[PDB]
Amino acid sequence: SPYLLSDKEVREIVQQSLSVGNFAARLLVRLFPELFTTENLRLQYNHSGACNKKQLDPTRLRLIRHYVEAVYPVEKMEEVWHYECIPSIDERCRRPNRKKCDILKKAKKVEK
Amino acid sequence: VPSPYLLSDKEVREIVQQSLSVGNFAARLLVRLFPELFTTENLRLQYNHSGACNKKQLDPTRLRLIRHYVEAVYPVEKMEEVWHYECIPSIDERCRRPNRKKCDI
DNA sequence: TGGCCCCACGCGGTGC
DNA sequence: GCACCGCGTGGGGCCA
DNA sequence: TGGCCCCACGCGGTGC
DNA sequence: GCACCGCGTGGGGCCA
């Protein structure tokens, strides 16, 4: 399809997203820019065409669904492992036995 | 390669219980799976996960195994009902959201 | 306590 | 410059 | 702050 | 009736 976003940009949106719902909402603005001008064409639309409103382009809405169900959970785990587990593993490997300040306080007290 | 490094469900569950967070959980698995680096000789100091900063690289086989346990205890979010019950309401809300709140107007 | 552990964070290095 | 990556560091809570 | 943003929720309409 | 569906609404968190 033509309205494809880059893998890297999609990952960025996942990271910036506050929740899965907010993640979809961000993709909506990113993929439907014409509705989100200061003209607020967005107000004439919803996802289904309910309440006498126009229906959001189901092609792009199906793409948003794809990112939510196929990419979003994988990128959320990927970002947890890389940003939390890996830093913690490295910290544990390089952690000193005694702090630099605790060593110097002993170095001072022992000679004073 | 790992016959001994293979942890049972009971052993993994115990490590989860003493760990304070997912990150700390990964750190404990590191100690549990790399006992030779965490002796009083502190060979751990020559290593990190990638081999950056002139350090040696942790065995990527066991490091992948640590990942496996981390995602085995803290798995993927099953998005089954999420699209219909969370995303769709948010999409409609964003489409109808007013510029100013009415209480502020 | 005071020692061990966890994690947050300013930092310099890297690399384009 | 700036996005990214591990370091050294110390506040701080738990524990024995 | 105050503007932007997010999301929860009572509500009437719809449709079986 | 009743389960379901988008609406209009306002409490509240983030930020510069």
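Residues numbered from 1 in each chain as written, not as in the entry; some residues may be left out. Chains lettered and ligands numbered in written order. Heavy atoms only, no water.

What the entry reports as its method is X-ray crystallography, with 3.5000 Å given for the resolution.

By the naming in the PDB entry, chain B goes by BEN domain-containing protein 3 and is assigned to Mus musculus. This entry's official PDB title is "Native BEN4 domain of protein Bend3 with DNA".

If you check the PDB entry, chain A appears there as BEN domain-containing protein 3 from Mus musculus.

A. Highlighting the interface of chain B and chain A. The interface of chain B with chain A comprises 40 residues on the first partner and 38 residues on the second. The contact between chain B and chain A buries some 3,300 Å² in all, and 68% of this surface belongs to carbon and sulfur atoms. Applying the counting criterion to the chain B and chain A interface returns 1 salt bridge. We note a salt bridge from A:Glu78 to B:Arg67, for which the minimum N-O separation is 2.8 Å. When contributions to the side of chain B that touches chain A are tallied by element, the ones reaching two or more residues are helix 2 (22-33), strand 1 (47-48), helix 3 (60-73) and helix 4 (82-96) of chain B. The leading source of residues in the side of chain B that touches chain A is helix 4 of chain B, at 11 residues. Classifying every residue of the side of chain B that touches chain A by side-chain character gives 23 nonpolar, 7 polar and 10 charged. (Contact = heavy atoms within 4.5 Å. Buried area = accessible area lost by both parts, 1.4 Å probe. Salt bridge = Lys/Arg side-chain N within 4 Å of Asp/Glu carboxyl O. Helix = DSSP H or I, 4+ residues; strand = E, 2+ residues; numbered from the N terminus. Nonpolar A, V, L, I, M, F, W, Y, C, P; charged D, E, K, R; others polar.)

B. Structural detail: the protein's contact with DNA strand C. By nearness alone, every residue bordering DNA strand C is listed as A:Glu91, A:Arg92, A:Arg95, A:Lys99, B:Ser21, B:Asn24 and B:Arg28. Sugar and phosphate atoms constitute 65% of the interface atoms of DNA strand C, taking the interface as everything within 4 Å of the protein. At a separation of 2.5 Å, a phosphate oxygen of DNA strand C approaches a polar side-chain atom of B:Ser21. Take B:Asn24: an N or O atom from its side chain is 2.9 Å from a phosphate oxygen of DNA strand C. Those elements that place two or more of their residues in the surface near DNA strand C are helix 3 (58-94) of chain A together with helix 2 of chain B. When the residues that make up the surface near DNA strand C are grouped by side-chain class, the tally is no nonpolar, 2 polar and 5 charged. (Near = heavy atom within 4 Å. Polar contact = N/O pair within 3.5 Å; in protein donor to acceptor, adjacent residues only side chain to side chain.)

C. Representation of helix 2 of chain B within the structure. Taking 1.5 Å per residue, 12 residues should reach 16 Å; helix 2 of chain B reaches 16 Å between its end C-alpha atoms and fits that length. Regarding helix 2 of chain B, the residues found buried are B:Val22, B:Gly23, B:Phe25, B:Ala26, B:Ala27, B:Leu29, B:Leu30 and B:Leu33. Packed against the buried residues of helix 2 of chain B are helix 3 of chain A together with helix 1 (9-18) and helix 3 of chain B. (Expected span 1.5 Å × (residues − 1). Buried < 20%, exposed > 50% of the residue type's maximum accessible area, 1.4 Å probe, protein only.)

D. Looking closely at the protein's contact with DNA strand D. Within the structure, DNA strand D sits among 13 residues, and A:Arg94, A:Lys99, B:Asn48, B:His49 and B:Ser50 are positioned closest to it. Of everything in DNA strand D that lies within 4 Å of the protein, sugar and phosphate atoms constitute 47%. Between a phosphate oxygen of DNA strand D and a side-chain N or O atom of B:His49, the distance comes to 3.2 Å. Elements with a contribution of two residues or more to the surface near DNA strand D: helix 3 and helix 4 (100-111) of chain A. If one sorts the elements of the surface near DNA strand D by residue count, helix 3 of chain A sits on top with 3 residues. For the surface near DNA strand D, the class distribution of residues is 4 nonpolar, 4 polar and 5 charged.

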